[PDB]
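What the coordinates show
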Amino acid sequence: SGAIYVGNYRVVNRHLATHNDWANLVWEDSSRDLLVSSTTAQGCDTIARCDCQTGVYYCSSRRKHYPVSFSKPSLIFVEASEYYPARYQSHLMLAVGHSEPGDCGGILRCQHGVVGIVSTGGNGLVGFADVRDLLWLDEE
Ligand SMILES: [Zn+2]
């Protein structure tokens, strides 16, 4: 589990979105596994605006933050998980690391702020849903 709180936005994995998230929906995209809902309270997370490929992510299944190199946000074939079939997922970045379903929502951060959240796992890779192209999170 986990979310990003930026401005009056809450960013979660689409597959973990709550009724309240859907009842306050701003934007959602199944192909990215992202959903954004509106918040009453100001969030303080800063979204990275950069093309970093090194950062640190939180892995709830190990109670650890791991430094990782990660790939460029891309359209990748993801094998079936407990929450999605085998499919193509867009705006996805991979690293070598541990990721189990419960780890979805863990933050990947770089020197510029939050890069994205854990979205995929398996076969020794961790996949992150990028948010750095969502420039509107910074405004409105
Ligand atoms: Zn960065």
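Rules used throughout
Residues numbered from 1 in each chain as written, not as in the entry; some residues may be left out. Heavy atoms only, no water. Helix = DSSP H or I, 4+ residues; strand = E, 2+ residues; numbered from the N terminus. Buried < 20%, exposed > 50% of the residue type's maximum accessible area, 1.4 Å probe, protein only. Contact = heavy atoms within 4.5 Å. Polar contact = N/O pair within 3.5 Å; in protein donor to acceptor, adjacent residues only side chain to side chain. Domains from an automatic or database assignment. Buried area = accessible area lost by both parts, 1.4 Å probe. Pairing = 2+ DSSP bridges. Axes fitted to C-alpha atoms, helices over the stretch in contact; angles between N-to-C directions.

1. Things to note about the environment of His98
- Topologically, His98 is positioned in the loop between β7 (87-96) and β8 (107-110).
- Judged by relative accessible area, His98 falls into the partly exposed class, the value being 25%.
- Put simply, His98 and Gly127 are 29 residues apart on the chain and 9.6 Å apart in space, counted from C-alpha to C-alpha.
- In this structure, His98 is in contact with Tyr57, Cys59, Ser61, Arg62, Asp103 and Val126, ignoring residues within four places of it in sequence.
- In this structure the side chain of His98 is engaged in a polar contact, spanning 3.3 Å, whose partner is the side chain of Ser61.
- At a separation of 2.7 Å, a polar atom in the side chain of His98 contacts the side chain of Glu100.

2. Overview of the domain arrangement of the protein
- Taken as a whole, the protein is organised into domain 1 (3-44) and domain 2 (45-140).
- Look at where the C-alpha atoms of domain 1 and domain 2 centre, and you get two points 16 Å apart.
- Counting from both sides, the interface comprises 21 residues of domain 1 and, opposite them, 26 residues of domain 2.
- Across the interface of domain 1 and domain 2, roughly 1900 Å² is buried in total on both sides, 57% from carbon and sulfur atoms.

3. Here we look at the sheet that holds strand β1 (residues 4-13)
- Taken together, three strands build an open sheet; the order of strands is β1-β3-β2 and the sheet is antiparallel. Whereas interior strands pair on both sides, the edge strands pair on one side only; in this sheet they are β1 and β2 (25-29). Each strand axis lies, on average, 35 degrees off the axis of its neighbour in the sheet, ignoring direction.
- The pairing of β2 with strand β3 (residues 34-44) spans four bridges and is antiparallel. Paired with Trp27 across the strands is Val36, a residue of β3.

4. Looking at the environment of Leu108
- Turning to its location among the elements, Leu108 is positioned in strand β8.
- Residues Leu108 and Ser69, spaced 39 residues apart in sequence, show a C-alpha to C-alpha distance of 11 Å.
- Among all residues touching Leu108, those that are not within four sequence positions of it are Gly55, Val56, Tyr57, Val68, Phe70, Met93, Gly113, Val114, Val115, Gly116 and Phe128.

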